[PDB]
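Starting off, we have a lone chain in the form deposited in one PDB entry, written out as structure tokens.
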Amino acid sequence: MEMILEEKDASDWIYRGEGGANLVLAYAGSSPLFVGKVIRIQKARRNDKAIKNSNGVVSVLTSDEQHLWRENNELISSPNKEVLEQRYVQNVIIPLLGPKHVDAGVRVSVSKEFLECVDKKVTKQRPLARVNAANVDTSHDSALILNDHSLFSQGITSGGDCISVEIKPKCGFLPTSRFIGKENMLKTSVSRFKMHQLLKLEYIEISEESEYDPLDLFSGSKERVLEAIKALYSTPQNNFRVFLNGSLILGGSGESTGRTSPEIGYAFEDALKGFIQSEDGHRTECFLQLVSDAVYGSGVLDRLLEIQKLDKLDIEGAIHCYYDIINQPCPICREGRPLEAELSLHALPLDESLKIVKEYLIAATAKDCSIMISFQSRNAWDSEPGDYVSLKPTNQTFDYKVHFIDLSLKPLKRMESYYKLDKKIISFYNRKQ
């Protein structure tokens, strides 16, 4: 006993957003069971080689993956992808990031006709830019219900509007030189994000290089955190978005998003009215300081950075462990004269190779996730605040919550794509110098 979302329930859900794997819809009906929740629904994807097995079947886990993730029997026994992703979050990620900032959600049964109805709705409600993107996978029979982290609470409080900020921080550290070739040494001093911006700029996938440096955001320095926030505001690309009661008021158009112009900046400043009690023109600066204080105060990025640091070898190192795992002769090692560093990796007992690659894929989850920080203004006539920021410049107090979203299990075969991409980025960056 609980429930199934049917064709008749589709009308209660409205498009919120999407990424490469999922569609997200917000609840818009009346039931107290669902107010302030979102539903996450998996897209259909062929064209993705990493999720296929040797027979071209999209299996929950490949035999190689089952072997890699063997430590959690629960995980490898997942009968479908919805269960797999839920158990990965619950059993692998939550022990690392804690339950306070991670919602694994609740699985709900869905009918085929509910999903076909949603397919049609997202086609109508999508931005034009996304109309040909992959739609819902109507062969799945579960979906995931999660709290809406664009909201602090299910309903509006009298204090003000709920403003929520979403950050895709990317990788906050630089690899050591230990498994990196002499020709690729800039990797130890220039961030992956910065190097990638150069390639995106050459491929005209962005109108200009972002001002954002993840090394600032993860620096441990309040000034540098503020710098990162100001930068994200200026050039949001797909790294920064802001919601007013679950509605986009900054960013959200993919990495193609325009850099904040006077017009965009002006509308945003007015969108903050009431939320920040400051005169016209001054709220933006207060808002950026608030986000900065919440980010720094929460310490949430320190813990994420430690999981990102589970990438101990860099992909240039870990790819060798990958080949050992899948029991193939290593083509990296054929490319030229192998480092002693690399040979020692192949010398590793198979248990250590397994552990290294697993930890690399967990780190990839941490490098690719997002954080949603939701804020609720307090009335001066409320009692004392959980976590909060006090803005002296407006003498306002804001409760806040931080949640990690988009914490997905990365397919083992993606190690190959990760290697190729890294190779291309460093090759490109090197010749641009």
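For every residue, the number given is its place in the sequence shown, counted from 1. Note that the rigid core is defined as the largest set of C-alphas that superpose within 1.5 Å between two forms.
Keep in mind the form deposited in another entry is missing from the figure; the text below concerns it.
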- C-alpha displacement of 2 Å or more between this form and the one not shown on the rigid core, among 290, 217, 122, 357: 122
- Message: When the rigid core is used for the superposition, does residue 189 move between this form and the one not shown (threshold: C-alpha shift of 2 Å or more)?
- Response: no
- Message: Quick check on residue 425: with the core superposed, does its CA move 2 angstroms or more between this form and the one not shown?
- Response: no
- After fitting the core, residue 409 CA displacement of 2 Å or more between this form and the one not shown: no
